[PDB]
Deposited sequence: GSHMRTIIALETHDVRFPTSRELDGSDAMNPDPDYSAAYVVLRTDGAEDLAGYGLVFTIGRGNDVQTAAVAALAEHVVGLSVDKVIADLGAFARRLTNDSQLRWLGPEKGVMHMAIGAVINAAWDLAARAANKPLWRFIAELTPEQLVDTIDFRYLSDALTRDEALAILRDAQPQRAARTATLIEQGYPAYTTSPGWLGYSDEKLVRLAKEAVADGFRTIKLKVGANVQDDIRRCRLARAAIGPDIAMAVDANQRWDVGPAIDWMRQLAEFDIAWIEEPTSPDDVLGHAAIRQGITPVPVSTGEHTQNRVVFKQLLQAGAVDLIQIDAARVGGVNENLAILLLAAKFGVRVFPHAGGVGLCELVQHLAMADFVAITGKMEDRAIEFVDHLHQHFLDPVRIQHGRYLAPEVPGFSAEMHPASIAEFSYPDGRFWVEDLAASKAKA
């Protein structure tokens, strides 16, 4: 009987700051689900952090050990919905949230590691493992509580069944053409126009600029870019939760002329009514949010209030695959596109599977959206993402693409990493 013998965690942080979040140090609360089977059989996952607090985030994950060690691998793998709820339904853990913040993300990491585990066992890349599950198996993994007023399991099944026929075709299409990507690398001011042109030349059909500090600057930067990009390249803007409702409206109306693909997080990630009010005031400028959205219940409300034109999704922010599947289904039912958030540490490696699984088994739509891409720390992963002319190549190796190089962990663990031992000297 294959069993999960250990839940190991590492506080891993990269000094990226030496290259509304200034000086962030991309970090990861790295989790590994060890078993007593082939050394090849293990689950990998991680929570993306930005520096301080990564140690508390790691401790939250380590606190989940008793819930997992001793569990039968086959039992976890055969009931991922049940495994997620064993963590999700621990009322004492819920008190620390519920389903939000540090505790919930820690849980999401362990859940993601479990899916990585199942994918490896099925010997398939996660996106395929997900898309090839029966409509019934998919639905069993999702938590429908608090969602019956917007998405019942029957409605979820309907969507998945109506898409089952084309799964074979979409799979081939994806493997042949890849998934659309967009860059934020040029948007972090002669550089703006330059980097923008290179982006287009590299094949990216969408670009995103940061805004929110000065209207004048934003107006100028958006103009220069629109003209430096042509009128057929999509250009988005991210305000990073900076504005209040009134200011956000006044601000975005001054950027409208430069053809905005969408404004990301114009206000607080908790303000559902606020995003809707902003959207109404700056029409037709599209509004989005999502990288910090706590759980499927807040997403449900975003959709219900018509507060978004499109939505971000994040692999490590919520309750793992189980929760993202629910969100993807919500988005599909309400007819709003999803542009996955990525970047940071391994976010690209992770979120690509979710987007690809959505295309194959749930929407069959990918040319109308794109996965975010940022060129950072990909070398620390065994299965780094591959961008071919502005598009994500479908991963082939088994898993969630979460596994990191031991040498990387050995070099950047905090504060005992070979680098951190020398640094603090």
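Residues of the deposited sequence lacking C-alpha coordinates fall in the stretches 1 to 3, 23 to 28, 198 to 201, 439 to 444, numbered from 1.
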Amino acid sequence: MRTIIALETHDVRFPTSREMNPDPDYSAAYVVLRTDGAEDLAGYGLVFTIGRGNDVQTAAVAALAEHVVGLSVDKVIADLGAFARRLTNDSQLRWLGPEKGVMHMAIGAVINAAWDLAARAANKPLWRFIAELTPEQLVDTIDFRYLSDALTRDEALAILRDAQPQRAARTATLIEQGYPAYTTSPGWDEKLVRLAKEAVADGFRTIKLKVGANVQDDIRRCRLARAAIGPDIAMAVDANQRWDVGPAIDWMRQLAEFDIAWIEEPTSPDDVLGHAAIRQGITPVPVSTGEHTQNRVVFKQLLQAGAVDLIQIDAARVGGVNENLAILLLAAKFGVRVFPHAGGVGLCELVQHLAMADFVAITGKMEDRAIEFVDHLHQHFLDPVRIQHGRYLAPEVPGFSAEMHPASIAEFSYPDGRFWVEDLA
From here on, numbers count along this sequence of modelled residues.
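The stretch 177 to 185 shows the higher mean C-alpha B-factor when 177 to 185 is compared against 348 to 356 in the entry. Taking the mean C-alpha B-factor of each stretch as recorded, 34 to 42 and 58 to 66 are not equal, and the higher mean is that of 34 to 42.
Within the group 331, 297, 193, 84, the record's highest C-alpha temperature factor is found at 193. Within the selection 230, 340, 266, 108, the deposited Cα B-factor values reach their highest point at 230. Among the modelled residues of its chain, residue 394 has a C-alpha B-factor that falls in the highest third, as given in the PDB entry. Residue-level temperature factors show residue 387 in the highest third of its chain, judged at the C-alpha atom. Per the deposited record, the Cα B-factor of residue 288 falls in the lowest third when ranked against the other modelled residues of its chain.
Ranked by Cα temperature factor within the chain, residue 148 sits in the lowest third according to the deposited record. Among all modelled residues in its chain, residue 246 ranks in the lowest third by Cα B-factor.
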